[PDB]
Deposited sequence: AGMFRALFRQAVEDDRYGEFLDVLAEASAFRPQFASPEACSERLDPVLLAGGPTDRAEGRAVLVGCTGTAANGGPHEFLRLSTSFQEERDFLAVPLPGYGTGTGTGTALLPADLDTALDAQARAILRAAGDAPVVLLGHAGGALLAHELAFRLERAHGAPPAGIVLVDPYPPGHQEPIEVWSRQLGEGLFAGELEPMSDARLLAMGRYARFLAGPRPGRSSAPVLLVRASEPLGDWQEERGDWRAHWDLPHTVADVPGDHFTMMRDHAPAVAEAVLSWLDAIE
């Protein structure tokens, strides 16, 4: 395919993943942007992947698609089949990755706003619980804070699947070789350069300083296996959130917890969603 993918592949071989996300981020600024929510090119309509039972005031899960360039609609397919007959599971797309190619959000809040406007429409009046894995975790918490403040529609709760927020990213950096290798592994097609740029831009948004904590109760799903090597001498490699309302450990590592062991993740979510209603 494109040259940005050839550079990306070379940077993973050569254990320079970190360096190269900076080039992706810096190059993304010369893509076309959209500056206001309605100026988004993609129809951000959510997509129903599971239905709940025909009852009544229960909450719907909203999956927030992650930053991975090789991500798309299929991200939540394995996970969602375990919410069938349990909860509505809608997956919202992320602005910057669709069909030509798409306008990049000028800044993070513009994209979160465009997302919240589409979730509110499709949610109706159901209470809404947000869900993200990895970079999607960070994203979901920001959308939860952006729904609370900017739109006065605070979510019923947030599920964070293995988040490494800016305080606690040391195990993510150490393992960045595997993270990069995992992106390539999990490829249905050659990653487009348009999406690699999109990925780099959101990587920059989320790396940055971010102020508010969202008042919604947080469920923190952590992996059990480390992604790579890690001397016990060096501390806890597990994902971290500050005052989890509930902590749940599922089998596998940063990657396999949503592939092989996604039913354990849905089991934690179901148990938790009832304990809060």
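Engineer: Mind pulling out the bits of the deposited sequence that never got modelled, as residue ranges from 1?
Structural biologist: Missing C-alpha atoms (numbering from 1) occur across the ranges 56-57, 102-105.
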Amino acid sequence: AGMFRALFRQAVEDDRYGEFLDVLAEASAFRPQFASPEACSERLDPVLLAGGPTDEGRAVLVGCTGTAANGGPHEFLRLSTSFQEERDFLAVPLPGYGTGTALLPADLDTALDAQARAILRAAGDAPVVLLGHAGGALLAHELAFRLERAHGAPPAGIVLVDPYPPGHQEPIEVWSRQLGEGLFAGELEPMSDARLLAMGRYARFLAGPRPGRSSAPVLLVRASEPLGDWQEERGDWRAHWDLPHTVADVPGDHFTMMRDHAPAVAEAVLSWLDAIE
From here on, numbers count along this sequence of modelled residues.
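Engineer: Per the entry, where is the mean C-alpha temperature factor higher: 138-146 or 116-124?
Structural biologist: Stretch with the higher mean C-alpha B-factor: 116-124.
Engineer: On mean Cα temperature factor in this entry, is 39-47 or 25-33 the higher one?
Structural biologist: The stretch with the larger mean CA B-factor is 39-47.
Engineer: Comparing recorded Cα B-factors across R195, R204, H151, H133, which one is largest?
Structural biologist: Highest C-alpha B-factor among the listed options: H151.
Engineer: Of the three thirds of its chain by CA temperature factor, lowest, middle or highest, which one includes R222?
Structural biologist: Lowest third.
Engineer: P209: which third of its chain by C-alpha temperature factor?
Structural biologist: Tercile = highest for this residue's CA B-factor.
Engineer: How does the C-alpha B factor of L243 compare with the rest of the chain: lowest, middle or highest third?
Structural biologist: For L243, the deposited C-alpha B-factor lands in the highest third.
Engineer: If you rank every modelled residue in this chain by C-alpha B factor, which third holds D14: lowest, middle or highest?
Structural biologist: Top third by C-alpha B-factor.
Engineer: Using the B-factors in the PDB entry, rank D260's C-alpha atom against the chain and give the third, lowest, middle or highest.
Structural biologist: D260: CA B-factor falls in the highest third of its chain.
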